[PDB]
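One structure below.
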Amino acid sequence: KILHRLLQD
Amino acid sequence: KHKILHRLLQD
Amino acid sequence: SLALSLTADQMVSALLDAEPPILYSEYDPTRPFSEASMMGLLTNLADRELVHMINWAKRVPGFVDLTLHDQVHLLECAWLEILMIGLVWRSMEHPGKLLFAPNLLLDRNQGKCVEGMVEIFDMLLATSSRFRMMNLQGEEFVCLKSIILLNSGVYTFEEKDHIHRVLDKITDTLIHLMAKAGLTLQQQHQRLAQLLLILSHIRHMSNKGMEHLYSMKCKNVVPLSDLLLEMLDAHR
Amino acid sequence: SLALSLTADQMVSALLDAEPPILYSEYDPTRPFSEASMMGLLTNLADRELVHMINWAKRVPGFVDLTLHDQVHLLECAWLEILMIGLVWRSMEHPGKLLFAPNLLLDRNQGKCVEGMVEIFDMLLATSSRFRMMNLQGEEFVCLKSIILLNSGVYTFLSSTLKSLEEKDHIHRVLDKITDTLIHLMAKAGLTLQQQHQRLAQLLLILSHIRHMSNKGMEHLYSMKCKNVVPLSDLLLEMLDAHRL
Ligand SMILES: CCc1c2cc(O)ccc2nn1-c1ccc(O)cc1
Ligand SMILES: CCc1c2cc(O)ccc2nn1-c1ccc(O)cc1
């Protein structure tokens, strides 16, 4: 999940 | 031209 | 215009008086459900409630000042929101169930009797639970329902100005009820916001409900009344 | 939660500093619009705006206190409402037009290039008009945009006792803080006590219209996707698919 990864930054 | 809502409202 | 001069107490009285009756469903509770029967029950009910809603609207202060065309636009835009906030309100004291009618109280799981329905049930119940945790009062509820009627279709239109004036009066009414209930100014504004933000979720549900209703019609899982088809048609 | 301890002035200042940039579209102004090309511009833009939105969301007080799962659900629920309220804000000073980007300013007739679009354009335009009538201020705008982020998805949570409930509580504490902040701004602006509650209501009722617009735009975007009008990025696909499950 892309949204999930982006939030982790 | 003859919507039911129209005639229900004008009562 | 006469609605602009009502007092806060007199707005409540009027709204309380205008309340539609609680309708029963036809449901014969000696036989279990099918997908077709449940949906038939829901639409038969909504169709009867719509007739009462039109009567109720005409009794909402300021509504009758609007042109017939404007009145129609508002009801077409808001009808399912109005039915749903009604449903949410009477289900308030039945955690986990939706009281569509006194003899049709459906727990969460019976939404699975109809494809796609449980997602909408879940939203409805979550809203009921919210009402419960806020301890929504009946006087507040009737204010909220009238706001939906006046607000929902207003931006899709002097006619606009009057609606916003009446909307202001109902805001005045809600705050009056909260002041009367002993809330501080800070608590009053916080509760006003909380209540109005629920209207966003109610809109969401209406929109979802409308597409579901449309799907059930195309898939022909149940015949709909002429009036209900017409209220459906207005959104597409 | 240090965020619960913020003053109204600290809330406003934090929200203002979190504001994402105004992006440019990849519009080549000497090429003829098609339905496909206009949809491409809007979805290319949205995709780039989403990455900036995520970093903004992290900067809204209280948002980083929530779990990763809940941050996701909230952004998944509200992403299009947030893009649209931004658009309506950017368009405030351009009656009759939608400022999608400084190099992409469209009127309703240009919306007709894409089937079903003009109806959405019209709702966005009317929202822009309402913003103008109300004389919406940037400090009020940023509060509203933050309310949408926190509220839109807040009831699509479930309930696992303390776990889900306290995430819900927290969100409502923060929402209550933004209310206090909104009121504060209107008082500092000299509005009367009566005007304060009246305006607070007028502003929050707009959110019901923004939800409506997001619901219809999501339907419309789904339709363009299902008709192979435009390729969506994986991000946009994921954001859209969250509304079909
Ligand atoms: C319009 C009847 C109806 C629904 C149709 C759907 O496809 C999905 C959910 C529905 N709920 N209702 C409904 C809502 C409130 C009432 O008082 C009666 C029926
Ligand atoms: C999410 C991209 C988008 C749309 C998709 C549609 O199918 C219809 C209308 C749309 N508007 N927008 C949009 C809105 C605000 C932005 O900042 C970027 C794109």
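All residue numbers given for chain D refer to Swiss-Prot; the residues shown span 305-549 in order.
If you check the header, you will see the structure was determined by X-ray crystallography, 1.9 Å.
For all residues, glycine too, the Cβ spot is worked out from N, Cα and C.
Taken straight from Swiss-Prot:
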BINDING   D:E353, D:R394, D:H524  17beta-estradiol binding site
LIPID     D:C447  S-palmitoyl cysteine
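Overlay of Swiss-Prot feature records on the structure.
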{"residue": "D:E353", "record": "17beta-estradiol binding site", "contacts (Cβ under 8 Å, 6+ apart)": "D:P324, D:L327, D:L387, D:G390"}
{"residue": "D:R394", "record": "17beta-estradiol binding site", "contacts (Cβ under 8 Å, 6+ apart)": "D:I326, D:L403, D:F404"}
{"residue": "D:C447", "record": "S-palmitoyl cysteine", "contacts (Cβ under 8 Å, 6+ apart)": "D:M315, D:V316, D:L319, D:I482, D:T485, D:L486, D:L489"}
{"residue": "D:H524", "record": "17beta-estradiol binding site", "contacts (Cβ under 8 Å, 6+ apart)": "D:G420, D:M421, D:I424"}
Cβ under 6 Å from ligand 2: qualifying recorded positions of D:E353, D:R394, D:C447, D:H524: D:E353, D:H524
For the 17beta-estradiol binding residues given in the record (D:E353, D:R394, D:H524), what is the largest pairwise C-alpha separation in angstrom? 22
